[PDB]
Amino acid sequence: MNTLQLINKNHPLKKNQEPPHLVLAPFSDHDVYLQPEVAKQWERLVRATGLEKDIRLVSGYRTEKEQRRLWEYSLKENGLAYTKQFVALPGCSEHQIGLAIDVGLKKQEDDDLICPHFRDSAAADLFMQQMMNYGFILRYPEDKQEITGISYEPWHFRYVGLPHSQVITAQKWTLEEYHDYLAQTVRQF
């Protein structure tokens, strides 16, 4: 399990990649599964911020088959433009390795299915101040769509572990930029 694995349209998962170990994650009203270290840190984060009553886990692990059904549904209902913006191609979603969480607001209702609401909120603001201290980064920041190939998603967080999440967050980097940085650095040696 490499917590730093880069998964995107240019770096799809391999077909022979071993499914992640999984556990059911707490703090949701439905069954959501994550890699065990991810679930542990999610739980630690929610408890430490006192956000139990204000936020909830919306999505976690999803198989390739499921990612394809999600892509196909969004294509049919919302069209290609929206779908390309907010839904990773099957085989190219970090949800498939159990390292990604989609988080939503609790008193929030009438949610978008693909884009849960996690904006304009004191709870979200507190979450954004602490999540990096528990190994999470905001995966798809607002002005990075050319780098990530995905639109702004304030609800989507990727587990990379410490100190990576703190380094990435402090520099306002994407995971793509973090990989570029590590590659540029090793060569110096």
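Numbers for residues come from their place in the sequence shown, where the first is 1.
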item	value
Segment of higher mean CA temperature factor, 70-78 or 100-108	100-108
Greater mean Cα temperature factor according to the PDB record, 83-91 or 111-119	111-119
Maximum C-alpha temperature factor, selected from 36, 135, 149, 154	149
Top residue by Cα temperature factor, when 32, 128, 162, 51 are compared in the entry	51
Relative C-alpha B-factor of residue 2, binned into the chain's lowest, middle or highest third	highest
Ranked against its chain, the third holding the CA B-factor of residue 65	lowest
Position of residue 145 among the chain's modelled residues by C-alpha B-factor, lowest, middle or highest third	highest
Third of chain Cα B-factors occupied by residue 18	highest
Relative C-alpha B-factor of residue 47, binned into the chain's lowest, middle or highest third	middle
